[PDB]
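Visitor: chains from the complex, first installment, not repositioned:
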Amino acid sequence: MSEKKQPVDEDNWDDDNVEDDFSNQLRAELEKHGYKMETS
Amino acid sequence: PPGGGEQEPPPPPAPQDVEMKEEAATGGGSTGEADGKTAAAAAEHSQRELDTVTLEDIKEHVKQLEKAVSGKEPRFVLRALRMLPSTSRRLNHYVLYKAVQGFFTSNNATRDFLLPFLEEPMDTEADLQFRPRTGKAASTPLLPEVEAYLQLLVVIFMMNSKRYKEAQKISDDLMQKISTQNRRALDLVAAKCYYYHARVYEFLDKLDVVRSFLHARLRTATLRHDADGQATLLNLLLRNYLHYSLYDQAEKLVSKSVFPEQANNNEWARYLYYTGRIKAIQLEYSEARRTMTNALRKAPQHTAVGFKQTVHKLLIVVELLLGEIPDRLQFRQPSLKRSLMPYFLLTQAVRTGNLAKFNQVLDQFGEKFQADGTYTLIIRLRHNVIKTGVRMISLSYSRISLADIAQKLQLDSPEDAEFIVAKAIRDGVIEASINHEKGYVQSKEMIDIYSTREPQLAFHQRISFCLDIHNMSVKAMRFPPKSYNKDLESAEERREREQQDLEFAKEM
Amino acid sequence: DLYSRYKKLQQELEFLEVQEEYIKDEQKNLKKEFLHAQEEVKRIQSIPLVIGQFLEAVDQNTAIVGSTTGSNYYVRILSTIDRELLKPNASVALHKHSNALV
Amino acid sequence: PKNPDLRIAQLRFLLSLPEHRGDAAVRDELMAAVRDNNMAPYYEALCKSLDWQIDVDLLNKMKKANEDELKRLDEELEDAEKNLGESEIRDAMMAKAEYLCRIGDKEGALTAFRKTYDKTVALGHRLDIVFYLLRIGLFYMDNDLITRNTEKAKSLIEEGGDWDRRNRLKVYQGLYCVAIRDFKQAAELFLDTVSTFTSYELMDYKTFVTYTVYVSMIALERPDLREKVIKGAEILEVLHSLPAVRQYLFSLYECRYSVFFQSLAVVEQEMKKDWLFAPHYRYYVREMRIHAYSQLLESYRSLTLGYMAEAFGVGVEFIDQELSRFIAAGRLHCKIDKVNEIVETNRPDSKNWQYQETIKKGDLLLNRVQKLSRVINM
Amino acid sequence: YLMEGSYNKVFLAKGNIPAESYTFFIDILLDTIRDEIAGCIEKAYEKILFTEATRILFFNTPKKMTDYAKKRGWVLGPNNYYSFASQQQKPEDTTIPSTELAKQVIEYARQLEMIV
């Protein structure tokens, strides 16, 4: 079995959607709240 | 010589063990059961030939010292193979050339000696009329020449061996192809040699007079026989017609040979793929994704699958062109993971609304996308990013200034920020109005789509389809009804004993 | 001869065409005929019915009951009975002469 | 034995994945590795460690000590068969296979546990063997071998009551359902917290209290948080020793919205360094943000967007970019305005959103069966 | 740039013709944009005076705007483009499902009971 005549050449899914959201937005959002209290 | 005479002498006979059992069983069968009685629509020699293609791909590697394949040719090429009383001496010749390797030294076929291994079909009453033998006795040397491909002043030994096979091929094209499956069994041998006829020519030769030779090869198809000649001669017609700009795509629309209706589940499965890229490359989006998906799920159980590495890339290129996107790494492998990471990072930007994030991809991995040959599709995704963005913004914000959306989409201009929204209503992404005098874009809260016809269309596509698979689970189910041998009523003897017992009671 | 090779071979396509049309009639005609006997078998249940009690079954569609005349019997079934309505210790019906499940 | 064996699995997580924190974890685990006859589970952990060039004499004193306990089985199996009890060869090493489960790998365990499974005729030794199969199924994360023997566990408890074999069992699905992302089951397995004893794996019962409260604040709403975990005497006094978790849970209940994020930053950081929540620490808070947002928003309808800065969490544009990405995510039923500076809510029926999850599963199951019917029948 | 809504950057490329004249081509590209904006003037717009949408193409104030304002609507008034934003006539159609679905429900019963 397992031929494919070659002409040319959970644990994982939920976090991938969560990797999509905070991909480049506030990863370690931990200390800006300490710096937003005196601004806002 | 001790390192020689202990490591070299078992590579002759243990292949000679298995080469008296795989193609000798084919040669003992496909001479007497293809030119012989029959090998019908349920044949075995075709799948046996598949087994003698896939085995010898990774079987041979070495340049064959100790004549371990170099002595197979002066063995296997001196074959009359006419009839059993003349092959009963040839069965000894499968053993008589073994001592030629063993007692003496043979002619070591090392890059030069293939010329005295090809001129034999005159030697000892050999023929070409038995082309189930001779077309296999073409292919049985025609494979391991081009299986290593070895590309060092060898190409003419491949070519002269192909010309001799072309001499069998033209006799297949002209002389007595009726009902012996001489076309049918050798259409595979046509198709299987074409991939070696291609990769030689896709290395150092031309491409295009074979095309006109392939048209006459296609011309003689479908008139005389109508199975597996309509199929392989069109995928092998497409293989560089896609990779050229020649017309060849509206031709395949008006090609009647779109359906050969059965193509052995592996040439059929990629057939929908080669025409799947055709509708993709000429802007037919929604029709293409269903024949991309059907091209993915009719495929076998192999692991080194680099064309499946290509369709799994291409299948959801065109769905990024439409909007839907599945989790692509849902079958991620140690060989699939490195082939996804640039392309998976591409659809990371599409599901976001950023604009130069696409450009952060298109310089970081612009060179990789041409290596896969997909760049002309990638460049037009800027229209789809901004229509994804304007749907995201209009669904998030209700009353947003048009001089705010441009700074969020880094458009650098509010004067065309009206203008994308103009085609966004022309295309019909968002519905509601724009106060151009003020600057805010209001939107109506459109809820309760539940009282609209449109979820029934999501039903009616899927109601009728699930009734089809219930039909197919009936239409593919009534074949094992067989050998229902005899519904016995009750008996002959016990029926008569029942009659005698009844007559006893009536007398009583 | 070669001229008979086509004339006799088209002669049986004439002959083959009826047969697939013929069994096409009988895919529906037996269903309208099977439903006649489907109700016809229940004449055995008519009035004069006696009472036994289910004990066990040997196999598919054949069982062992014990009559209220005291003697046990090895009896047959009637096929319309849902078998999964049987045996806590099921009171059954028996034919008054041939004495099988009703 | 396998009773101190889970702390080893946490300390192996403590070794590798904190990358800078890799010095005291390779000391105290090695403090437990080159004693108590451990041989097998740390060869690649030595490769993840430094060189430690002379461990050969450290191995040879222990593989000999491995053999000394091995050969005294080989000095027992012929004296236990000469005058047989209840297969006292097996009956000796039915307790010493769990040593060889710790010392060797699973293979010396799996052929000896299934050996002695046919020995005992009462389940009271059988069902303790199955718990040993579960606990190794967590270390080697045998997510397919736990599916067999959990049913093979659960099939045994029904005869008898076996509540120390049932309530202990509920902890094992509870730690498995929280290992996978299944929180509405994990609070349901952690429902009792009464007969959940001062066990071995959460050696503080108060650590088990911290785990069952973190999963409860997702899994259930507030007709049930206002009755079950706020009123339980068994749950109130055990976090009375905790100043952190008491303030963290009640700030959601007392509507102390601004201080809610302060300890949420503490828990989520602690959730990262903790084992077994670190696979899903990014999924937790984004569900706790959207639960803290919509709790406040479903009270009113015309709440302005500049009120939530000084009362709920500072940064107006921080609230802006956060609410924009959740309405676009298809949840948090409201609709924000921008230039008159207000947030409007709506109310949808439980029809459109309930229809949405149906069409996912209908496509998913038909994806399963259409792909199946191609695979079978060629 | 003609694919998305961008129109100004299109005519910034009509400020940038580097290679040769390209004159007859961009004038057809003028013409196929002229009806496009005269198409896309018909969106949900308010009152526009005779300066704002008078300069959205190119023109200062010729009678060419009267060619467009009498071709389509947005009626010539006191410095006004009148909005006939109705979109009201087409809904409340039960019959169009009631013809089409009565066809489809029978098609369900075809591949349900009768042997095929």
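Guide: Yes, it's here. Numbers count the residues shown, from 1 in each chain, chains lettered A, B, ... in the order given.
Visitor: just the C-alphas of the longest helix along chain A, formatted as CSV.
Guide: Using DSSP state H, we find that the single longest helix of chain A is helix A:14-21. These are the backbone C-alpha positions of helix A:14-21, laid out as CSV (Å, rounded to 0.1, in the frame of the first residue of the first chain):
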residue,chain,number,x,y,z
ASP,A,14,-7.7,26.8,20.5
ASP,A,15,-4.5,28.6,21.3
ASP,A,16,-3.9,29.1,17.6
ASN,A,17,-7.1,31.3,17.4
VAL,A,18,-5.8,32.9,20.6
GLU,A,19,-2.4,33.4,18.9
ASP,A,20,-4.4,35.1,16.2
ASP,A,21,-5.9,37.8,18.4
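Visitor: quick one, helices of chain C?
Guide: With helices called from DSSP H, chain C shows them at C:4-29, C:31-40.
Visitor: need these in a markdown table with distance to residue E:57 and mean neighbour count, can you?
Guide: For every residue, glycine as well, the C-beta is placed using N, CA and C. Listed next are the helices of chain C as a markdown table, based on distance: least, C-beta to C-beta, whole Å; neighbours: other C-beta atoms under 10 Å in any protein chain shown:
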| stretch | distance to residue E:57 | mean neighbour count |
| --- | --- | --- |
| helix C:4-29 | 70 | 9 |
| helix C:31-40 | 74 | 9 |
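Visitor: nearest to chain D, out of those?
Guide: Nearest of these to chain D, taken as C-beta to the nearest C-beta: helix C:4-29 at 23.4 Å.
Visitor: angle of that closest one against helix C:31-40?
Guide: Here helix C:4-29 runs at an angle of 30 degrees relative to helix C:31-40 (axes from the mean of the first three to the mean of the last three C-alpha atoms, to 10 degrees).
Visitor: any residue of helix C:4-29 touching chain E?
Guide: Yes - contact of helix C:4-29 with chain E (C-beta under 8 Å from any C-beta of the partner chain) involves C:27, C:28.
Visitor: the following sequence is to be added as chain F:
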Amino acid sequence: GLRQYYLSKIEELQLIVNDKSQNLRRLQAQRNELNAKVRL
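Guide: Putting chain F together with the chains above:
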């Protein structure tokens, strides 16, 4: 052209036989299981 006219009909007619005969054998055995239900 009797090779290329007349023999072009033997090659065609056998193709219509080799599936319409298979249509029968599927169909008559489909009745044959149904006929077993009736008499029994």
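Visitor: buried ones in the longest helix of chain A?
Guide: Going by neighbour count (16 or more other C-beta atoms under 10 Å in any protein chain shown), the buried part of helix A:14-21 is A:15, A:18.
Visitor: again with stretch B:255-272
Guide: Neighbour-count burial for stretch B:255-272 flags B:260, B:263, B:264, B:267, B:268, B:269, B:270, B:271, B:272 (criterion: 16+ other C-beta under 10 Å).
Visitor: repeat for stretch B:223-241
Guide: In stretch B:223-241, counting by 16+ other C-beta under 10 Å, buried: B:224-241.
Visitor: re earlier: pipe the buried residues of stretch B:255-272 into a markdown table and attach secondary structure and distance to chain A per row.
Guide: Formatted as a markdown table, these follow (DSSP: H, G, I helix; E, B strand; the rest coil; distance: C-beta to the nearest C-beta, whole Å):
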| residue | secondary structure | distance to chain A |
| --- | --- | --- |
| B:260 | coil | 17 |
| B:263 | coil | 12 |
| B:264 | coil | 10 |
| B:267 | coil | 8 |
| B:268 | coil | 12 |
| B:269 | coil | 9 |
| B:270 | coil | 7 |
| B:271 | helix | 11 |
| B:272 | helix | 14 |
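Visitor: contacting residues for residue C:3?
Guide: By C-beta atoms under 8 Å, 6 or more residues apart in numbering or on different chains, residue C:3 lies in contact with residue F:6.
Visitor: same check on residue B:257?
Guide: Going by C-beta under 8 Å, 6+ apart, residue B:257 touches B:218, B:222, B:230, B:234.
Visitor: let's see it at 10 Å
Guide: B:218, B:221, B:222, B:229, B:230, B:231, B:233, B:234, B:237 (C-beta atoms under 10 Å, 6 or more residues apart in numbering or on different chains).
Visitor: mind checking the backbone torsions on it?
Guide: Note on residue B:257: its backbone torsions stand at phi -80, psi 20 [degrees, to the nearest 10].
Visitor: put chain G on too:
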Amino acid sequence: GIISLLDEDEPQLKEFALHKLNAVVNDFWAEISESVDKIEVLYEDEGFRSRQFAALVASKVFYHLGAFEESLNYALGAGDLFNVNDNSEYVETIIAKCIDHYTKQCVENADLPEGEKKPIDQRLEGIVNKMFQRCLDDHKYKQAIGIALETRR
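Guide: This next block brings in chain G, placed alongside the chains you saw above:
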């Protein structure tokens, strides 16, 4: 690419265009297959000096596209230049159209040949017996007996 020069109205380009319509009849056969079929216009325009070879290439190109009678009516009206060349794999393609169309015509003409009879072209009837003369003179009489029945004459 020679398809664009089919509106010259100088006829000598058309005979220069049809010089390329035979030897490379397989590669831009893709091109002038369905988009351009303007053979029949010059076929009817009273030049003529051509329309002879013009009906050949449409008898080529409608053949493979399933329009066999569209090839066949052009194969009838092409005249001598269609039938001058029979040493190829193409002569089997055309007598399996025409003679098959002939014998399925003559079965209808075995019923009622008198009154509203079909316009039997002299090329439609003259290559029937000519190929039958090719059978009488090539030694085969197991098939010379055959078509002599199949002509229904």
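Visitor: so, the contacts of residue B:257 revisited with chain G in the model?
Guide: Contacts for residue B:257 (C-beta under 10 Å, 6+ apart) come out as B:218, B:221, B:222, B:229, B:230, B:231, B:233, B:234, B:237, G:64.
Visitor: in a helix, the first one, correct?
Guide: So the one you mean is residue B:218. Yes - counting by DSSP: H, G, I helix; E, B strand; the rest coil, one finds residue B:218 located in a helix.
Visitor: wait, it sits on residue B:251?
Guide: No - with contact defined as C-beta atoms under 10 Å, residue B:218 does not count as touching residue B:251 (11.7 Å).
Visitor: those two: who's more crowded?
Guide: Using other C-beta atoms under 10 Å in any protein chain shown as the criterion, residue B:218 and residue B:251 rank with residue B:218 on top: 20 against 16.
Visitor: OK, now which residue of chain G is nearest to chain D?
Guide: Residue nearest to chain D within chain G (C-beta to the nearest C-beta): residue G:66, separated by 31.8 Å.
Visitor: returning to what we had before: residues in contact with the longest helix of chain A: which ones?
Guide: With C-beta under 10 Å, 6+ apart, helix A:14-21 has contacts from B:327-330, B:344, B:347-348, B:351-352, D:180-181, D:279-287, D:325-326, D:329.
Visitor: can you flag the buried ones in those?
Guide: Applying 16+ other C-beta under 10 Å to the contacts of helix A:14-21 flags B:328-329, B:344, B:347, B:352, D:181, D:279-287, D:325-326 as buried.
Visitor: restrict the residues you listed to contacts with chain A.
Guide: Residues of the buried ones among the contacts of helix A:14-21 in contact with chain A (C-beta under 10 Å from any C-beta of the partner chain): B:328-329, B:344, B:347, B:352, D:181, D:279-287, D:325-326.
Visitor: picking up where we left off before, what about the contacts of helix A:14-21, which are in helices?
Guide: The helices, defined by DSSP H, take in B:344, B:347, B:348, D:281, D:282, D:283, D:284, D:285, D:286, D:287, D:325, D:326 from the contacts of helix A:14-21.
Visitor: in JSON lines, list those residues along with distance to chain C.
Guide: Formatted as JSON lines, the ones in helices among the contacts of helix A:14-21 follow (distance: C-beta to the nearest C-beta, whole Å):
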{"residue": "B:344", "distance to chain C": "53"}
{"residue": "B:347", "distance to chain C": "52"}
{"residue": "B:348", "distance to chain C": "56"}
{"residue": "D:281", "distance to chain C": "52"}
{"residue": "D:282", "distance to chain C": "52"}
{"residue": "D:283", "distance to chain C": "47"}
{"residue": "D:284", "distance to chain C": "49"}
{"residue": "D:285", "distance to chain C": "53"}
{"residue": "D:286", "distance to chain C": "51"}
{"residue": "D:287", "distance to chain C": "46"}
{"residue": "D:325", "distance to chain C": "56"}
{"residue": "D:326", "distance to chain C": "52"}
